[PDB]
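What follows is a set of notes on a single structure, which appears directly below.
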Amino acid sequence: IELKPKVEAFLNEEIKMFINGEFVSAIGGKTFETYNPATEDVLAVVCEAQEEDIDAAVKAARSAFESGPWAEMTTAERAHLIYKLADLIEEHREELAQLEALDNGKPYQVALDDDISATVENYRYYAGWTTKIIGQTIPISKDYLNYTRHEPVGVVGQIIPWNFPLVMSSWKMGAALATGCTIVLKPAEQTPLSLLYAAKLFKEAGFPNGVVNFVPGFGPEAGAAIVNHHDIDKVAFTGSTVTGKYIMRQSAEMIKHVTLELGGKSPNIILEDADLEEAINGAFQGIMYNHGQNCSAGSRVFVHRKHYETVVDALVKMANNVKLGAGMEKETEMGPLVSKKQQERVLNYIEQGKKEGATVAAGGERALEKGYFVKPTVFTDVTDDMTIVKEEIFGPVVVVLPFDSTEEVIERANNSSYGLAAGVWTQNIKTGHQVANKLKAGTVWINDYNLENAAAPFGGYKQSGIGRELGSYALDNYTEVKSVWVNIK
Amino acid sequence: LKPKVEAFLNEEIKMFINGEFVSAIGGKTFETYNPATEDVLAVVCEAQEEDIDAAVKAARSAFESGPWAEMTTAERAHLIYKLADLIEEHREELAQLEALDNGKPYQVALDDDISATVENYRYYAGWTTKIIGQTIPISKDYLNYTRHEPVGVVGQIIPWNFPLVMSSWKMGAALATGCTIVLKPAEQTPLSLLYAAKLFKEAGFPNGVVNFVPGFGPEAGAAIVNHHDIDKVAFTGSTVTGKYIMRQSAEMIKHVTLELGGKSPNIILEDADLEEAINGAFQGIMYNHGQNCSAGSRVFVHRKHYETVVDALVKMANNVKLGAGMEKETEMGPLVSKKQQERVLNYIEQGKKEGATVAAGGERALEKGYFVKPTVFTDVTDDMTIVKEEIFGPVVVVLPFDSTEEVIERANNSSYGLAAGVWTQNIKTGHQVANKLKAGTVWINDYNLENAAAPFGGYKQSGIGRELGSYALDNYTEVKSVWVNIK
Amino acid sequence: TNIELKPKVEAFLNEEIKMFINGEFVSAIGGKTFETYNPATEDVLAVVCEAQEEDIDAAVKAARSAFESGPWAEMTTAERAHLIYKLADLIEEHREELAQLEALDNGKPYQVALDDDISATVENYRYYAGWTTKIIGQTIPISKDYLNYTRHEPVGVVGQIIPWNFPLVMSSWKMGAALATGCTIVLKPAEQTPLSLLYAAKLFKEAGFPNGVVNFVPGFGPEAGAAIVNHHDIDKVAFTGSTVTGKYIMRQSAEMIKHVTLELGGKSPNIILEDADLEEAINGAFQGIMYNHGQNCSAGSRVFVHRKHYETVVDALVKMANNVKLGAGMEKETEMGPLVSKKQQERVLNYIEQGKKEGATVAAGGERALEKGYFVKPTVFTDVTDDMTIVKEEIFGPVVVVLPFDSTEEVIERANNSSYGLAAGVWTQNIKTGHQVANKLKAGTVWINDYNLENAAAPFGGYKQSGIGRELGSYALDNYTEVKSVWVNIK
Amino acid sequence: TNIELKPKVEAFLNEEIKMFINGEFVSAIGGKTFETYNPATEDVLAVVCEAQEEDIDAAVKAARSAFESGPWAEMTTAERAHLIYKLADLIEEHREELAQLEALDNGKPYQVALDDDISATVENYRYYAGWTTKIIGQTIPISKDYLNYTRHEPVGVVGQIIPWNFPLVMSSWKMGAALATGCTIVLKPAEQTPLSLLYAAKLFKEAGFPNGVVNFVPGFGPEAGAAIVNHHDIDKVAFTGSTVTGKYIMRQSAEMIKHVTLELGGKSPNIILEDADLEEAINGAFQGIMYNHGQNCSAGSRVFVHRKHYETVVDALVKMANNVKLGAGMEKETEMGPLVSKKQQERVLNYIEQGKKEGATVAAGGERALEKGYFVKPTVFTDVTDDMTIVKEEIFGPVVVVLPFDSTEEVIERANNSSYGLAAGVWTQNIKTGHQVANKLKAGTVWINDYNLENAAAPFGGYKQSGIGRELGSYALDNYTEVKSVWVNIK
Ligand code: NA
Ligand code: NA
Ligand code: NA
Ligand code: NA
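Residue numbers (the numbering used here), protein chains in the order written: chain A, 1 to 489; chain B, 1001 to 1487; chain C, 2001 to 2491; chain D, 3001 to 3491.
Laid out in structure tokens, this is it:
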């Protein structure tokens, strides 16, 4: 796949930040590098945000929230800006998908069809909410008029990760912008290009200066400055369960609202009456989609004993057949992990699996000459206390376990600190709904897997998070409820 | 003294766990006082870490299986409504308990606290059958719906200023969602909650649905917040403890809803009805002896009327009749504890020494009891301690201003934003100001109003989330999105 | 073995039965009375004061006045809720009295009136008492120059007419939702069954309802019903009854541009696909039609059976039909009572004849039962086609029609070809086929692997000619509200 | 000073104007035509194809077909949303063309058609496009044994009829909400003004609306309008127009138990209390009636003034009436156009004569204006009383009645003493009295210190004989919906 003229032009220069409407370098001129994970080459050199640039972005956001066009503008006008942004993202679909395949590592075609169209659709959907963020009129007594106002919190601080970079930026900004908030967003050090290219689309659509501010860099500096900034009203984060604790601890000094989307160890359960063909594909896609770098991956495939052998065999074959290559290569089905660090983490989870007694039915090592690749892996002969079955691996690594009863599979699926999503496969109308009701997960797919949509909320139970993104529900994280009483005698 | 409260005070006060009245496993007890007399009112079983582990087991169990978990929403509603009736039937008993244990006048405990508690459980009983999720039209290939499921076991800690009512703010919404509870009342006021336990058993709550565990903050309180099986935590009290509660909740990605301190403004604009505004400004701070998170402790008054309102507030400050809550003539009681009286008396000294002048009060009252005279500070600056910090006593600070843009900025220049009041006869100016103030609830030409139906909570460091109204149900809910492939 | 008359019902039945206007128990201004019967024995059960137009007029005046001013206009939402809740406690307390009056006046079995009817009505009032404090409007963010908000105001005086089949629960369907909004009421029960309601009047009084909030005016359709439909001062109207009278109401209401809510009949289909848990569907098919002697608007009067199962289902429906114990609602052994009236008995017997004349075979039942009383035998019709009078028209008796089908697309099309569409039942164990079929059926309520379920929190009503609007749930409240949009210039 | 005709509107008028059925532009099957005029000049503006009853069957078949299968039935909600949004972009692209048609065909000033009408129609479609993805039903927790959910199903083929006063925006009020639900439409524009909507039809083709989702049928009320109202296959009817035709529609709709929506006339009151900002209120009172030449259902045709200010506002309204610049809508100087037709001019001139016959005084206007065209002078009536025809009936021209009043309780009695209740205006600087008076007024929209504000997000509709239901806001969606309650037994 050849590089688009516009990405070629964008990559031929240092990548600048976006603060108060202008593209800029860091105040002290620091820069960092982002890699193409298929080759290990440098892809771009990016301006690095420091504590001081984060202060400059927060000021810009604060000033755009209080005075200015963003603050005076009608709800209909604001909706139009957000919808114009989506048209532009759609105009630039090929450019964004190329950037995403190159910087993050996923196959071009799926970044075009899944990521880019999902981010488009999410802004279209949230553009419609600006005019519909309603409060209440509460009849209490004829002596008062009681109403509530859902006022945007103000300046929000957002940090997203590297696995679905552009789409993850829309999960945080669609809802936030629709309430009328102002943003200071930090992309992952591994994948800042998509959003920095998107920056020019926020300007072209007509976003007023400072409404949106993009700051690439590192957690120890740019991330920390976001979470600790005194003039940031609310914070939102997606990433590892470990950092969400830190962010929630640091947010306690200001009593700041928090939204957290974290890891999982989600189950995909195949009961006796499942349509096995559809469920084997679901289990396989469930873990292998996006190389398993998906918090909601169906990393624990539970299979009723009657079908266990059949699905272990089918999933091994599928695993051995996946096609590894660079994301810009047209016949690639799975790319590599995003970084040397990640490859080393997941490979180590594999060793850990091995030496704790489990077996490698497929994969279980690196792949190819260069790049951060890992062969799709299938672990068999597994136990519930094993590290590979309790902990999020973040790679194309599945663990398959047999069970004998429905009561049993429900108890084992729930026996986790995580609770993000789950899958249940059965043709029965009663057991599909019964099983989904008892599972302690934020999303449940009956006879399918890995589905998201701007309109249906997403988030975890337990240590998989606090709050929800997508749908009407995400609006509430960016709002502050005011209850007005008007005495009328 | 009512016979049922006499019988209740005649024995050590037991905790309520898994449907039963029990003593602490380790046998410890603590004393609760009567703040008018300084005497011990009762000895109470003291909950240790291991009593909290027993309450949580009982809670966990009642939620996972059994009647509470199997009950229709109409059946749950009936139980909650029946509790409301029982609290109403025992209104005089609970009112006396509140007055004796907290300190507040009997009649206000009866007319406000008990009726508000009853109203709250009737309101929330009404929501059990009405907590709906959505059906989302997305695609003909799927059926998309959300369930609003209860979180599970909740940990609740409440303060001493409005002991019974706050047990309802917390429990009514949680119980309506089908949650199970572990609640610790304040050590200064454990009595009314523990007497109300009787009424949960008599209404028919199955065992373990509710568990009352009194004790101290660094033992029972920390046991709740650090407990591995508590699914969600809610707290009302100081902003300094709230930080601790959120820090510790972080270890387990536990949801938190917090109601905390304030330093709310009560603004008298030039076109206000001055007679109504003076009374509102005075009730605003002096209600419940200023032991109220939402108290209007900063009275801003347009320069044109500053001196008029100071005279009136001084007059009214000295007219307040101080005495024990159990005496009929009493308008204001004492402060809850010795520690509190020292605290507010020490805030008064800090104000004199910073250069403010005490136009009324500013010292203790009477021979015994933790009483402080209603106090009015003048010649104050925004810079002073007495004007930034929550005093939590019957102390008001009166501040002249010259313009509407100035007052808005000075009101908002705070770390707090729980509540605010604005007094103005003008339609436009009333809503413009209301919109502009960074505060959870704004009252236009009124002050201190609460209702089960209207959300309450703070912006900034006054809190996270809201209690009361429909809004409160969300804190006790875990949202599940279900996708059913029908293609 | 007769169920013994309750002392308070004998006291009640001993006097002439009065109307309830402006808080007082009154006779008709003209002094006219009519008779109500016991459809099991045909005796006169009670003498009831009969409302004329003049009486309806005084009901409206009392209603108007309780709405515009006084305690009910001034009460807080909590106070109103408490009233509604107290009313439900009192209905629960008089449960036996009320269930006997239902058994006695309507004819249905006492135990089912107790367990179902009465407790549904208690529970419907408790549900709605809970809405009172929660009927919320919107705050709409349009622009920084205005404060935009809505008010969901009560319409005012509401004219309500209910039928005879579920007398007390049908009273609660109408009044719970309307009273919750803060509306005022003029209610008319069916000439066949006025007693459940006029007894319940004691309890509205004992609960502390202010005068004129609630007004019960029994009588006949051509006088009292029409006076309500036509009153210049009635703000909104709600009706349940024949699809023929629904039209008259909706036609008259045109003159005053009055909002109308209608609940009317059906020919609801009960579909048993191949993958049904058959034992269950057979019990649902039988109860779907036989419950309440088929005097149910949502009766699954058309039982569609996939061909594999048709013979099995017919055999079972026949045997069950023939085993039903017919008797008086007040006898303990009774499983099914009589039809409400002589007129109704003549209507269904006649529909049965039309059935035989058109070619269908009567597999069970098909005639009157017992020596006296308005009884009809549970009836099963086979050898039926979609064009027959009996499969198209509502019979309103314990009469079922059983039809084989050979594919799902076929049964959906045949189920849907009706001017009715009140309810539907589908029996299948498949997760996809269940919801697919439920989505394709044109009905207001679809039950999947069940039938005849109602609950206060779940809307009910028809598509096509089975009605307009919905009752129960949050949805019912909108019928009694007038949305007001207020704009406040804030410069 | 003439506004130059846009070349695309010149091309469009150069030809016979076709109707729009099943995505194609067609003539009437019978070949009939009628003429629409320019009310400023009285010449024929265009010849338009006249839809007969046969043409309404064709429109309905195509709508029916587009609702049951094909892309419109298959489409995801994000896809339907995207069609509605693309439409809004195209209307905005053609803003000048559409505003000129409005000005030429209806009579109103170009600049106001542009700024108000066109911009509001674009914004209404944008708002409703946002609703397609967010139209949700409920999941109701009743018991562990069932899963209870509801679906908001589109009703199906909807018949729509709109008037001539705000032609395009009224087309969007009706279609935005109906399309958002997933309905299929058959829409009759008024005989006096079909141009706007038949031109916009080009933009529905170009946005990619599937064949038959939208069908535009122009003609006369007694042929095409009647054919829509009486068509057996239309599932729902919506109408904006005269109180009299609203009665006819409801009466006819009874026959099929078809839901109705009615946006009818008014006689709205505009109240200036003793404490109003008199500057702003005089302008409000004036704009309140004269906007769109008084051809507005919600016009403040009754301006009530506290006695203290009566003379000051009479004097100001008279000075402002005598100053309105009457002229063609396509001339730049123009502040007020002509009435829409000969017939409408006679009707308002007649009401003015009825006013003088009953004893009222003309303080300004009261007669025709200019050489040709259908103009009437802005008119101000005084010395008027409540029982007069002019203060009671909707005139529908630039004719106001000013009434003094002495107390607040008094003016609320007199404003509410009307069969109308569409809107109302209240001017007072006091926070308390502002809401108190808004609370007590029986009108669907109350503007506190403003008048004539409509937004896509705020509901609009009348109380009493001013209508049934609401349009705009979330509330309009329910008129195009059918509620289905699904119960899934889960043991
Ligand atoms: Na990279
Ligand atoms: Na105490
Ligand atoms: Na009878
Ligand atoms: Na014309």
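Beta carbons: idealized from backbone N, C-alpha and C, even for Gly.
| request: With DSSP as the reference, please indicate the residues paired to residue 149/A in a beta bridge. | output: DSSP output for residue 149/A lists 482/A as bridge partner(s).
| task | Check whether the Cβ atoms of residue 3058/D and residue 3021/D lie closer than 8 Å to each other. | result | Taking a C-beta distance under 8 Å as the contact criterion, residue 3058/D and residue 3021/D qualify as a contact pair.
| query | Is it the case that the Cβ atoms of residue 1372/B and residue 473/A are separated by a distance below 8 Å? | reply | The answer is no: Cβ separation not under 8 Å.
| task | Leaving aside the five residues before and after residue 122/A along the sequence, list all residues of the same chain whose C-beta is less than 6 Å from its C-beta, in chain order. | result | Excluding positions up to five away in sequence, the list reads 170, 174 and 454.
| field | Cutoff 8 Å: residue 491/A Cβ touching any chain D Cβ | value | Outside the shown range of chain A (1 to 489) lies residue 491/A, about which nothing can therefore be said.
| field | Stretch pair the stretch 2079 to 2093 of chain C + the stretch 2232 to 2244 of chain C: three plus CB contacts closer than 8 Å | value | Segment contact: the stretch 2079 to 2093 of chain C against the stretch 2232 to 2244 of chain C, fewer than three CB-CB distances shorter than 8 Å; contact not assigned.
| Between the beta-carbon of residue 493/A and the beta-carbon of residue 126/A, is there less than 8 Å? | The structure shown does not extend to residue 493/A, since chain A is modelled only from 1 to 489, so the question has no answer here.
| query | If you run the structure through DSSP and keep just helix, strand and coil, what is residue 3337/D? | reply | The answer is coil: DSSP assigns residue 3337/D none of H, G, I, E or B.
| task | Throw me the rounded Cβ distance for the residue 578/A and residue 426/A pair, which I believe falls under 8 Å. | result | A question about residue 578/A goes unanswered here, because the residues of chain A that appear run from 1 up to 489.
| request: Can you give me the start and stop residues for the alpha helix (DSSP H) that residue 3093/D sits inside? | output: Per DSSP, the unbroken alpha helix (DSSP H) holding residue 3093/D starts and ends at 3077 to 3093.
| query | If you count every other CB in all the chains shown that lies within 10 Å of the CB of residue 1329/B, and 16 or more means buried, which is it? | reply | By the neighbour-count definition (other C-beta atoms within 10 Å, threshold 16), residue 1329/B is an exposed residue.
| task | Report the rounded CA-to-CA distance for residue 47/A versus residue 352/A, giving the unit in angstroms. | result | When the Cα atoms are used, residue 47/A and residue 352/A turn out to be separated by approximately 38 Å.
| said: Is there a Cβ of chain A sitting closer than 8 Å to that of residue 2491/C, yes or no? | reply: Not a single CB atom of chain A sits nearer than 8 Å to the CB of residue 2491/C.
| task | Output, in sequence order along the chain, the residues in the stretch 2034 to 2065 of chain C whose CB is closer than 8 Å to any CB in chain A. | result | Answer in chain order: no residues at all.
| message | Let me check one thing: in DSSP terms, what residues is residue 3240/D bridge-paired to? | response | Residue 3240/D pairs with 3263/D.
| said: Using a Cβ-Cβ distance cut-off of 8 Å, determine whether residue 2436/C contacts chain B. | reply: Yes, residue 2436/C lies at the interface with chain B (some Cβ there is under 8 Å from its Cβ).
| request: Anything in chain C within Cβ reach of residue 3461/D, meaning under 8 Å, just list it in chain order. | output: In chain order: 2483.
| task | Tell me, to the nearest whole angstrom, how far the beta carbon of residue 3317/D is from that of residue 3285/D; I am working on the premise that it is less than 8 Å. | result | Going by Cβ atoms, the distance from residue 3317/D to residue 3285/D rounds to 7 Å, so yes, they are a contact pair.
| message | Whether or not the stretch 3094 to 3108 of chain D and the stretch 3142 to 3160 of chain D are in contact is what I'm after, with contact meaning three or more pairs of Cβ atoms, one per stretch, closer than 8 Å; do they touch? | response | In the pairwise beta carbon analysis, the stretch 3142 to 3160 of chain D is classified as not touching the stretch 3094 to 3108 of chain D: fewer than three pairs are separated by under 8 Å.
| request: Sort 3137/D, 3110/D, 3179/D and 3034/D by Cα distance to residue 3126/D and report the nearest one. | output: Ranking the options by Cα distance to residue 3126/D, first place goes to 3179/D.
| said: Suppose contacts are defined by Cβ-Cβ distances below 8 Å. Is residue 2415/C in contact with residue 2269/C by that definition? | reply: Against a cut-off of 8 Å, the Cβ pair of residue 2269/C and residue 2415/C comes out as a contact.
| For residue 1015/B, the first and last residue of its enclosing beta strand (DSSP E) | DSSP places residue 1015/B inside the beta strand (DSSP E), whose first and last residues are 1015 to 1017.
| request: Using a Cβ-Cβ cut-off of 8 Å, state whether residue 1298/B counts as contacting chain C. | output: Using a CB distance cut-off of 8 Å, residue 1298/B does not count as an interface residue toward chain C.
| Who's in the neighbourhood of ligand 1, going by beta-carbon under 7 Å from any heavy atom, listed in chain order? | This criterion selects 34/A, 35/A, 36/A, 37/A, 43/A, 103/A, 104/A, 190/A, 191/A and 338/A.
| message | Taking 7 Å as the cut-off, is the beta-carbon of residue 3482/D closer than that to any non-hydrogen atom of ligand 6? | response | Summarising the ligand content, the structure contains ligand 1, ligand 2, ligand 3 and ligand 4 and does not contain ligand 6.
| said: Could you check whether the Cβ of residue 2184/C sits closer than 8 Å to any Cβ belonging to chain A? | reply: It does not; no Cβ of chain A falls within 8 Å.
| request: Just grab the DSSP bridge partners of residue 2146/C for me. | output: Residue 2146/C pairs with 2489/C.
| How is residue 3416/D classed by DSSP in three states: helix, strand or coil? | Look at residue 3416/D here: in three-state DSSP terms it is helix.
| task | Measure the alpha-carbon distance for residue 1254/B versus residue 2418/C and round it to whole angstroms. | result | Their Cα atoms are separated by approximately 54 Å.
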